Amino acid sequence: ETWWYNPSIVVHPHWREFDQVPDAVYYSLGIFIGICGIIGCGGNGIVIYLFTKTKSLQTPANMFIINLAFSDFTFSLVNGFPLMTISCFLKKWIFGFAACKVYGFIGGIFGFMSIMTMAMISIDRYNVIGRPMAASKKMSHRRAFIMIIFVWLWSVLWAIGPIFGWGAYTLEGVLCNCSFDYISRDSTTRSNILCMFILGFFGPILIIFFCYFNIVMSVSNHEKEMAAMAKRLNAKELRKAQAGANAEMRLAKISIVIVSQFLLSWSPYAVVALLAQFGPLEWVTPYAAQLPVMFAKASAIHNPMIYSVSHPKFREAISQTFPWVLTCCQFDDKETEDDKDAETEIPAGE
């Protein structure tokens, strides 16, 4: 009678008026997300393993990185295999409503968690690079720990709504994965959506911009400052300080790329969702929603690869532990030089 009926979840009428996408599409979708499961869990596992165990990567701020990897690891695990991948190969989410809720809720909770964690990372960047060298402040375990606690509370807060009726996680697109209902336009649903977008998304974004734009509108504040202290009878020991700023700067740059990655990955889907809740629902087709959600889902598998091609200490560790990964990205000692000088302290003028 129908090719979309789910005896465990009521499919919104909107996704029911369409025809059922070809088998090949379901199979590809399954294989696709499954491979995000592998790369995602694999790569984030590696960052969690190496960062918690390498001596070099032992500073408080790195906790954010670990927190981000835990976030992306779980996203990739829960959102790929087996909940979605298996659903695809059968062309039906066979894991019932509760699974669906857990799935959608986990997806939202860690998507909110990866940007907010990046926000905390953008803050650390601002304290070490965004403020004047004289006031430069490094991350402390105390601060860091409190910050991630905020991250977790925050993330759960803006994602748990649909768990209590203030919105809802249900099926979308080809009905083989779960998400938050962006179709239904009632007061309740719409407020939760507005909350998700503004508190969950725009929020950490402001923190990010305010921190990076603050690091940019300080490159010169630092440019001058570097000189004033430079000619300040500061011996060749000035090089040390310089290397440190380079080293930190590089990390700050990294931060921005992963943030860019996040935004480029989610914004599309975000947009398609808003059209469905505020614009021509007739646009949000099976593929209009599906394809942009896959692009979003894979977001949680990028940071680890970004780190492996631009994070020196991390790249060092990999060469020393799972060095096979660094094949096409060969390691070398020169990549760690700026970190060497930045810490090779000088004994009383030396």
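The first residue of the shown sequence is 1; numbering continues from there.
When the mean C-alpha temperature factors of 178-186 and 73-81 are read from the deposited coordinates, 178-186 comes out higher.
Remark: stretch with higher mean C-alpha B factor among 34-42 and 316-324 is 316-324.
Taking only the listed residues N234, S255, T170, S114, the entry reports the highest CA temperature factor at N234. Of the candidates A247, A270, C100, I193, the deposited coordinates give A247 the top C-alpha B factor. For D341, the recorded CA temperature factor ranks within the highest third of the chain's modelled residues.
Ranked by C-alpha B-factor against the other modelled residues of its chain, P132 falls in the highest third. When the modelled residues of the chain are ordered by C-alpha B-factor, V25 sits in the lowest third.
Looking at the C-alpha B-factors along this chain, the one for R16 belongs to the lowest third. Sorting the modelled residues of the chain by their CA temperature factor places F197 in the lowest third.
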